[PDB]
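Peer 1: before I ask anything, here's the sequence and the deposited coordinates:
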Amino acid sequence: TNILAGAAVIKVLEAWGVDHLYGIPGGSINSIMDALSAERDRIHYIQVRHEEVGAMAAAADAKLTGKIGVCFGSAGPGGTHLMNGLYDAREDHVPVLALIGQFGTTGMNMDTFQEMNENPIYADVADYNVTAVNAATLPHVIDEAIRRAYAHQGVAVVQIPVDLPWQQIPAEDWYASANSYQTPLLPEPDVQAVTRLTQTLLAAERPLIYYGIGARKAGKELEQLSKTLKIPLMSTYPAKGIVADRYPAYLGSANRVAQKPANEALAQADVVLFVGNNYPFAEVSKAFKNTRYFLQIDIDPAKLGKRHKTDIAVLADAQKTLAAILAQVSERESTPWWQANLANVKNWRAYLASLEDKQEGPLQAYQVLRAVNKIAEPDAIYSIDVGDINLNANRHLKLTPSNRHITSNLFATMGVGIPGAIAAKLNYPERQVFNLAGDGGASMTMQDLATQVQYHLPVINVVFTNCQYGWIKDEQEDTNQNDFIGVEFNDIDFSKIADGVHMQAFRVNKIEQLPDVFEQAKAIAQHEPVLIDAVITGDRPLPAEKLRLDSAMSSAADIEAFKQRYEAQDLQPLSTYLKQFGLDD
Amino acid sequence: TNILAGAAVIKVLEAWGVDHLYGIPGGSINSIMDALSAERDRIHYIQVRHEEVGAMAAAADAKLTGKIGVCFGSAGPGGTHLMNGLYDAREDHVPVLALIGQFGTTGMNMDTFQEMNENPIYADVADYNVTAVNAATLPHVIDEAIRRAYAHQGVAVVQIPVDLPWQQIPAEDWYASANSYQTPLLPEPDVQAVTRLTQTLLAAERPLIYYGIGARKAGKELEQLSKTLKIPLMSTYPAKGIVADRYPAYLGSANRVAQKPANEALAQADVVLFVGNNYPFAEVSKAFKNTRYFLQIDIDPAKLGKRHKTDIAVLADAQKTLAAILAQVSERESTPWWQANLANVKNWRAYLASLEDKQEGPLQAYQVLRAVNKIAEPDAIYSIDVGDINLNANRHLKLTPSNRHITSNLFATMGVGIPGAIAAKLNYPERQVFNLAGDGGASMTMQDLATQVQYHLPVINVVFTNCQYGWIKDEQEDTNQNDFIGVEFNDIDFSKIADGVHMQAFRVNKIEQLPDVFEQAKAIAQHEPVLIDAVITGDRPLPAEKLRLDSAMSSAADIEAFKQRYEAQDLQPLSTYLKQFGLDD
Amino acid sequence: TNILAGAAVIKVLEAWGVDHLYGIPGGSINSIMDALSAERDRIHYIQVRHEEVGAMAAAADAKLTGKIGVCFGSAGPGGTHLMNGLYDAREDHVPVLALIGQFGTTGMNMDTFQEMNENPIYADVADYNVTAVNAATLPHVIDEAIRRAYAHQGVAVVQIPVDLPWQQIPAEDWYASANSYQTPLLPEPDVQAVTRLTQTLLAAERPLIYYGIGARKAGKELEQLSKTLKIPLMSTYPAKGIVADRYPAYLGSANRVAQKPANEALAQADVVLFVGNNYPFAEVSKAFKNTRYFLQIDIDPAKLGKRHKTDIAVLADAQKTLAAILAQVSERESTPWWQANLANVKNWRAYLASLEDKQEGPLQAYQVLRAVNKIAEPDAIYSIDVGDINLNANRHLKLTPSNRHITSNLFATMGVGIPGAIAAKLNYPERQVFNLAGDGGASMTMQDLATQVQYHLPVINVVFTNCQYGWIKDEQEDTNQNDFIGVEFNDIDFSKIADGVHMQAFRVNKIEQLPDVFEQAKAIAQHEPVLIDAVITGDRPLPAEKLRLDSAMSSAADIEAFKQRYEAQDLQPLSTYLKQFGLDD
Ligand SMILES: Cc1cc2nc3c(=O)[nH]c(=O)nc-3n(C[C@H](O)[C@H](O)[C@H](O)COP(=O)(O)OP(=O)(O)OC[C@H]3O[C@@H](n4cnc5c(N)ncnc54)[C@H](O)[C@@H]3O)c2cc1C
Ligand SMILES: Cc1cc2nc3c(=O)[nH]c(=O)nc-3n(C[C@H](O)[C@H](O)[C@H](O)COP(=O)(O)OP(=O)(O)OC[C@H]3O[C@@H](n4cnc5c(N)ncnc54)[C@H](O)[C@@H]3O)c2cc1C
Ligand SMILES: Cc1cc2nc3c(=O)[nH]c(=O)nc-3n(C[C@H](O)[C@H](O)[C@H](O)COP(=O)(O)OP(=O)(O)OC[C@H]3O[C@@H](n4cnc5c(N)ncnc54)[C@H](O)[C@@H]3O)c2cc1C
Ligand SMILES: CC1=C(CCOP(=O)(O)OP(=O)(O)O)S/C(=C(\C)O)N1Cc1cnc(C)nc1N
Ligand SMILES: CC1=C(CCOP(=O)(O)OP(=O)(O)O)S/C(=C(\C)O)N1Cc1cnc(C)nc1N
Ligand SMILES: CC1=C(CCOP(=O)(O)OP(=O)(O)O)S/C(=C(\C)O)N1Cc1cnc(C)nc1N
Ligand SMILES: [Mg+2]
Ligand SMILES: [Mg+2]
Ligand SMILES: [Mg+2]
Ligand code: NA
């Protein structure tokens, strides 16, 4: 006949299939805590050590599964701790529900302890942002929040005065709209636009297909189009893995978290098919300045012609359209453009292998990532933090459609390593999970290594200890007139941190130590989390956006300096392979 | 003839006497980094491990010295990390300048990497919140920011597109207005209002003077008024120390971070002189429901009659007015009210001493704070985190006008322990500095123990490890119907954390271990930071807001249960002492 | 080689097909004015007398044509005047671009004249809200604004520092993405879902189809489904006219801007097909409290199960879905439910006709609307203000698919009549256009009658002068315990107002005056605007939400007072017709 409004709120979450949620309790949220406590069997509460880890893990939930992630923070500081995760969810356009504690309605606007107007705090990050003021409608407001987060692919925030969830409401009034939820049936891709787009791509002398995660369902089609038409593939960094890295005509990604062949080919291309792609460096890097025809496939009207003057922009699903293209084309013989690219990729990969294959001496990030590769199961999930690791993992990880990898793509918040791995292991307890993090990022969220221990989540944590914000140091080397500042700092021994949180750990600093430590980590991680602290050199990884290899473009002095610094003696510029197969620049 | 706008910005900071500032660099703030790098001799940059520690330490700077604290974060996640500190500065009404990184003006609004409209993020927390759009006026905007932060006692935020500080500006145009800065000369307190207020206080049969930090300059006058007029003193928690704790008629503070005698006396008082006080529990706890006359002294017109219907509210400086009162009164003989209170205080203090004086057995927070007292120099500064520690430190620390103590008073953000101690040691390198923190709060900012090590800041860190959010667990015991949730968690060994950051540390769990460990900590801290991890029991400290000691108010069953739980067999209720000296309730 | 940024911005607007835009110049927007001036042959600036009218006209443009409306206001007060129109655009979810003047980037943040941070002002209303900081990127930011406003169906606001449009940019870099524009994809109905929905609809004893403007393209399908299946139709008020009003099974709308048969039928329905409908009164009025099954069709996932729990929800285009239902059903025989409703409608229409058909005496709103009907062309466009006129127009206008009517549906801002008619006549110079408005609403925007004069826009303005806010007076009558306040005021003669702006006008107060005044107006408006000021009685229109006609529910005394007040002696309650055909209430 009556139900507590809090109990009904948890039933709304359960109706929508929310399996787990994150936060830290407080007085301002103890009535939501009270409802969660009665429902331990149906919904799994994860107590984190800092509320940003809960928000980040909620975002990672949605990134991995497509289902709304859920977090909460108490009034004031609990809620404002959420911000780095909430902005990550906004920028990465994934559905997240955030519940914020608030003092009871009798105490609001009284200027009492930790009481403030919380609504303005969340106005910018949130697609939906409301303070609940009635217990009876509270389940509806939560339901509304979830449904809007899904529809708009962003953050819904509800501030909840603590009195409301302890109030009785009629047991029969409230409902969830989970049962109405569905995905649309779209028409077939516009037939005549697709045909026209196909002709333009096929008429190109130096075509590229450049996809992002919008093409995540189209791995098979992308690779078959490439093979059939002899058109090299490049992607955004996040789209690594959609097509297996081993594919010989995968060029990699452009800009900085980038691979040499992709940057080089992009500069030469006359036609780009830009699919499911919102590459944020398009305009600022002038990526398409020499492109003749720009073709686009996107599902979002807001993206149409956004990144470059577009000759044909098809509004449609990536996979459906690429399938439609493939159904109207057939085999083309190998071209000079194709052979030059394949050769360029081969050369690039032998370079990366030479870095990986060093057997002895001072540990670099390159051999550490080889060691990850050697213990990695074919369906492992990588939660990647922010810094050099994005660049190194992009180059070195050997990913297939079976893998997943996540980072903070566009907000680029450091600290995501640990929470992303926690979310990954909670959703996929049977899959191997890595957290690959630099020392600066790992230290931002280090306390939540304890959360992995507490909830028995067998993450393999690999910390890359360079004693630097390496990513930023390299930027300062490029732009700053004065000395390095704030980018070299004191060592933290993360194997001791892990010990302090009661996690098994190792610290290595020599290449020859890798195989036995990674073997042990692999085994330990059948049951318990583990951390390897890899003490690495401060060597700058090859800057793909600053290549000095082409005689027509750079001085011999610049080239020899570059080859020396980046162990790049055997790298050839693309022009070498173009000229080899009869092409100019 | 020309100067870099960034170089001029640093000269503005130097003009205002900014000694040190906190942050983490990024590409979006590397031009401000570049200017800081040339000015290492005049301004000291502190690289923190998480930007919330920089914001919190900036707030603590202003709390301790009265001078603007300065922090920065890079675009996106660097800036949003600042939030817990910035809200602490807003709520604690201290001047803070926060600089936020932003992409260059050529890239703004392009939807590029980590680029967003940052202005809405800071609208709620900031008294002043602007995006700079011109290099030439940039020093003025920073100057304006600082001057408004001081004038309005809050947070000024400036978002800085990274291109601007690398632009040349005329060397002679920019200026700082530091030279104009002054404090007002106020008239004398309103003579006739003060006289009238004095008569009402003196006519009271059960008077109290109840001061907050607004009376920080009036320690001498407060204590002499009390002694002369025979009027017991109570304060807000933050106002502990203004009058020495040893003063026999100091009652303590009310509510929860509270002391028994203050709560009891407040309930009996017929007249309260409320001075420099903005107690946030006034209305919600109905603190003054039985008060006959409410008198107020405050410097802020916004506070006048804010917390209770006020009979006389003098707009004036606390110290000046209390001095003016003292100059028109003379000795009154001891009264029953005064003797009852003195007796009540004595009884209370013998209780606290009995907890402190245990010599052997399971370690409690009480003996740990005694151990702090025994190594504490008379002018030590305490940076206190948030939770049971506020309640325990308030009761146990033996403070005089020579000490300072700071916490997050009203925003009550956990994590402030470490940054507050960092700020304290940077401002006062010759004073002993403690960080007193619970395990939940210490773990939120644990990474910045490394900042103490890096900058050789000899903080004595004392972590109270109960494996609980004890403050919240006790709240759940009081309000929640269902089981404890999110309040008991896994151990973190902070002596291992400290080892991992290369700090000397100890872990203790027995009362008998205290003296030698604290002696070692004291010595180590002559040159280097140190941490003591105190493993304590989960005993609930006596709830001063839930006393069960008075036969007229509670059942004998409730009283015996209370005495048992809180080792309170020898505590008597105030009514016992009132009746002893001839008074009723 | 170069172009002025402001020139490039106007070219973007031209590429997007903007014909006209509204606003008022100022110094802070004179460089955009300058660009507009050079371009007066290709894009048409409409100078209004108040910026709210320009914003409301822009919203109405988009409401009428689906093409983005464009307005602007100068720095400070110019832009804040836009708000009521911008909020109308947000709530009615139509694309609007608002350009806001701002001081030059050299004077921004200097606290100069009318200079402020303008960005927080627009954060709440706007889908996209940015301050431009670079001239080269300005055309892009404008293009970005328009694309987003279209895609997200809402307001894009750009604050433009005045220096930027006077700066030269490379002539060959900027582009518009207008060429790439597409409308969102129309999802298809699941076949099995539609079959399940149809069978639930056919099994109903008391079915209703209840459509909103989401079904504006499915009038034919709605009417054929009603005829074929013998299922009565009802709509939201904005959906009036999608099916011709003369259709004998059209019940009208529910709640207050409502018709008696729709409210009565809805109360009795067992099954509702809710199509392209977001009726904001669903929950608060408990519209569906006795509905057994609720079937929903909507294109927006955010609406599915929002207003009631669904038994079947179809995420698809309304017309595609309704066409699919119609294709799987055949002719059904009449039912008692069908007949009772047909009879209820006949009774209701005879009541409205009796009101309209009065030939002499004190003028009421009803005969004024009859006079509108008599001069109205089959494809007239009605811009309607806010108040009694929504209720009266809803009952009396005889609309068909060939008409359009607009008001401020959801924000419900008064004053929209005048600007909506301005926009109407600009978009459809060969269609007859009415502005129907109460005296309160006409007053708010009365100065822009001068705008119709200035641009020679032949609107037929009809003001309903009751010297009251009648809508609000009636509410006070219903809820307030004390006397009317603020709801009856002094007369304004709008024929004199019209004379003052140099518009031909009449003032009438008797029923017998209408035919000749309206014939004159009809003729005048072949070439120029005209105004009819109709002095009407203070009669309350029949409250369809407070029917007192059924003696099983109301006292005989309440029924007679209701019949007498509303001239409803011949109205019968639905239960009369349900009983005639053998059904209970
Ligand atoms: C430190 C760091 C540095 C980085 N630098 C780089 C870098 O140098 N190089 C790089 O490549 N990346 C880099 N990034 C990642 C980068 O910022 C962007 O997030 C990324 O390039 C955008 O990738 P995307 O287009 O695949 O994803 P999104 O921006 O999510 O875009 C997805 C697109 O596909 C569309 N879409 C979605 N579903 C469909 C569908 N079914 N059909 C068709 N279209 C669909 C969407 O509308 C959208 O346009 C970096 C990240 C980090 C953390
Ligand atoms: C976990 C936690 C729990 C807490 N709970 C309690 C509790 O139970 N009990 C408790 O006492 N505190 C508690 N607090 C602290 C509490 O929230 C408030 O911050 C505190 O009570 C307010 O103290 P105040 O009035 O001294 O300071 P403020 O709020 O800063 O007020 C200062 C006042 O003095 C005025 N003023 C400033 N200068 C002058 C001057 N020169 N002359 C005259 N007036 C001046 C100001 O205008 C203002 O009114 C808690 C803190 C924490 C972290
Ligand atoms: C003074 C005043 C009083 C009012 N009171 C009343 C009242 O008493 N009664 C009343 O009815 N109205 C009233 N309103 C109007 C009211 O506030 C709402 O705007 C209206 O009822 C909602 O109508 P709607 O659902 O047609 O419009 P919207 O709220 O615009 O909803 C349209 C729906 O259709 C969906 N849709 C859009 N396109 C498609 C498609 N192709 N296929 C399927 N679905 C689609 C959308 O997702 C949306 O859910 C009043 C207005 C005024 C000015
Ligand atoms: C400091 C920093 C970075 C350095 C990361 O240092 P790490 O030690 O984690 O990584 P490595 O490069 O040394 O291997 S990257 C970065 C970007 C990409 O914006 N920032 C700026 C930044 C600063 N602060 C936060 C919370 N997030 C950020 N992204
Ligand atoms: C979790 C918590 C608290 C528990 C602190 O746990 P601790 O372990 O630090 O302290 P103890 O009580 O166990 O000795 S106190 C609190 C208040 C006063 O609001 N909150 C809510 C809270 C939650 N999150 C943040 C960042 N700040 C907060 N103040
Ligand atoms: C005063 C008023 C109304 C009265 C309208 O007075 P009118 O004189 O225009 O209409 P009438 O009813 O007398 O024919 S309706 C209303 C609604 C529906 O919200 N409001 C409140 C209102 C008040 N102010 C504005 C700008 N918009 C509003 N909608
Ligand atoms: Mg590093
Ligand atoms: Mg604790
Ligand atoms: Mg009126
Ligand atoms: Na942390």
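Peer 2: Arrived safely, thanks for sending. Numbers count the residues shown, from 1 in each chain, chains lettered A, B, ... in the order given. Ligands and ions are numbered 1, 2, ... in the order given.
Peer 1: please make it C-alpha for all contacts and neighbour counts, starting now.
Peer 2: Noted.
Peer 1: tally of neighbours for residue A:430?
Peer 2: The number of residues packed near residue A:430 is 12, by other Cα atoms under 10 Å in any protein chain shown.
Peer 1: just say helix, strand or coil for it.
Peer 2: Judged by DSSP: H, G, I helix; E, B strand; the rest coil, the three-state class of residue A:430 is coil.
Peer 1: measure it to residue B:542 for me?
Peer 2: According to Cα to Cα, to the nearest Å, residue A:430 and residue B:542 sit 47 Å apart.
Peer 1: again, but for residue A:468
Peer 2: In terms of Cα to Cα, residue A:468 sits 47 Å off from residue B:542.
Peer 1: next: residue A:456.
Peer 2: Plainly put, residue A:456 is 36 Å away from residue B:542 if you go by Cα to Cα.
Peer 1: the more surrounded of those two?
Peer 2: residue B:542 (20 against 15).
Peer 1: check contacts around that one.
Peer 2: When contacts are counted by Cα atoms under 8 Å, 6 or more residues apart in numbering or on different chains, residue B:542 touches residue B:566.
Peer 1: for the one 5 residues further on, same thing?
Peer 2: With contacts defined as Cα under 8 Å, 6+ apart, residue B:547 is in contact with B:260, B:562.
Peer 1: just confirm it is within a helix.
Peer 2: No. The assignment for residue B:547, made by three-state DSSP, is coil rather than a helix.
Peer 1: residues contacting residue A:463?
Peer 2: Taking Cα under 8 Å, 6+ apart, we find residue A:463 in contact with A:436, A:437, A:438, A:439, A:442, A:494, A:531, A:532, A:533, A:534.
Peer 1: cool, residue A:554 as well?
Peer 2: Taking Cα under 8 Å, 6+ apart, one finds residue A:548 in contact with residue A:554.
Peer 1: confirm it sits in a helix?
Peer 2: No. Assessed with three-state DSSP, residue A:554 is coil; it does not lie in a helix.
Peer 1: return the distance of it relative to residue B:210.
Peer 2: 77 Å.
Peer 1: between the contacts of residue A:463, which is nearest residue C:292?
Peer 2: Taking Cα to Cα as the measure, residue C:292 lies nearest residue A:436 of the contacts of residue A:463, at 54.2 Å.
Peer 1: which residues touch whatever residue of chain A ends up closest to ligand 9?
Peer 2: Residue of chain A nearest ligand 9, by Cα to the ion: residue A:133 (33.8 Å). By Cα under 8 Å, 6+ apart, the contact set of residue A:133 is A:105, A:160, A:161, A:164.
Peer 1: also residue A:551?
Peer 2: Counted by Cα under 8 Å, 6+ apart, residue A:551 has contacts residue A:559.
Peer 1: related to what we said a few turns ago, out of the contacts of residue A:463, who's near ligand 2?
Peer 2: When contact is defined as Cα under 6 Å from any ligand atom, these do not meet ligand 2 at all.
Peer 1: in strands only, show me the residues you listed.
Peer 2: A:436, A:437, A:438, A:531, A:532, A:533, A:534 (DSSP state E).
Peer 1: out of the residues you listed, which touch ligand 7?
Peer 2: Subset of the ones in strands among the contacts of residue A:463 in contact with ligand 7: residue A:438, counting by Cα under 5 Å from the ion.
Peer 1: my guess is residue A:182 contacts residue C:315. True?
Peer 2: Yes. Counting by Cα atoms under 8 Å, residue A:182 touches residue C:315, with 7.0 Å between them.
Peer 1: and residue A:48, backbone torsions?
Peer 2: Main-chain dihedrals, residue A:48, degrees, to the nearest 10: phi -90, psi 170.
Peer 1: am I right that it is in contact with residue A:21?
Peer 2: No. Under the criterion of Cα under 8 Å, residue A:48 makes no contact with residue A:21, lying 9.9 Å away.
Peer 1: what about residue A:35, distance to ligand 8?
Peer 2: According to Cα to the ion, to the nearest Å, residue A:35 and ligand 8 sit 23 Å apart.
Peer 1: the residue in chain A positioned nearest to ligand 3: neighbouring residues, count only.
Peer 2: Closest to ligand 3 within chain A is residue A:151: 11.2 Å, counting by Cα to the nearest ligand atom. Residues lying near residue A:151 (other Cα under 10 Å) number 16.
Peer 1: check the contact between it and residue C:302; I expect there is one.
Peer 2: Yes. Counting by Cα under 8 Å, residue A:151 touches residue C:302, with 5.3 Å between them.
Peer 1: for residue B:451, state which of the contacts of residue A:463 is nearest.
Peer 2: Taking Cα to Cα as the measure, residue B:451 lies nearest residue A:439 of the contacts of residue A:463, at 14.2 Å.
Peer 1: against chain C, how distant is the closest residue to ligand 2 within chain A?
Peer 2: As assessed by Cα to the nearest ligand atom, ligand 2 sits closest to residue A:113 within chain A, at 5.1 Å. Separation of residue A:113 from chain C (Cα to the nearest Cα, to the nearest Å) stands at 28 Å.
Peer 1: residue A:119 now?
Peer 2: With Cα to the nearest Cα as the criterion, residue A:119 and chain C are 12 Å apart.
Peer 1: domain assignment for chain A?
Peer 2: Following curated CATH domains, one gets these domains for chain A: A:1-184, A:185-351, A:352-541.
Peer 1: residue C:191 is nearest to which of these?
Peer 2: Per Cα to Cα, nearest to residue C:191 of the domains of chain A: domain A:185-351, 10.6 Å.
Peer 1: stretch A:489-497 and ligand 4 in contact?
Peer 2: No. Counting by Cα under 6 Å from any ligand atom, ligand 4 has no neighbours in stretch A:489-497; the shortest distance is 9.7 Å.
Peer 1: how about that stretch and ligand 7, touching?
Peer 2: No. Using Cα under 5 Å from the ion, we find that stretch A:489-497 stays clear of ligand 7, coming within 9.0 Å at best.
Peer 1: in that stretch, what's buried?
Peer 2: For stretch A:489-497, the neighbour count (16 or more other Cα atoms under 10 Å in any protein chain shown) marks A:489, A:491, A:492, A:493, A:494, A:495, A:496, A:497 as buried.
Peer 1: find the nearest non-adjacent residue to the second one, please.
Peer 2: Which is residue A:491. Leaving aside its sequence neighbours, residue A:491 sits nearest to residue A:467 (Cα to Cα, 6 or more residues apart in numbering or on different chains; 5.6 Å).
Peer 1: hmm, back to that, mutual contacts of residue A:182 and residue C:315, please.
Peer 2: residue C:301.
Peer 1: cool, thanks, talk later.
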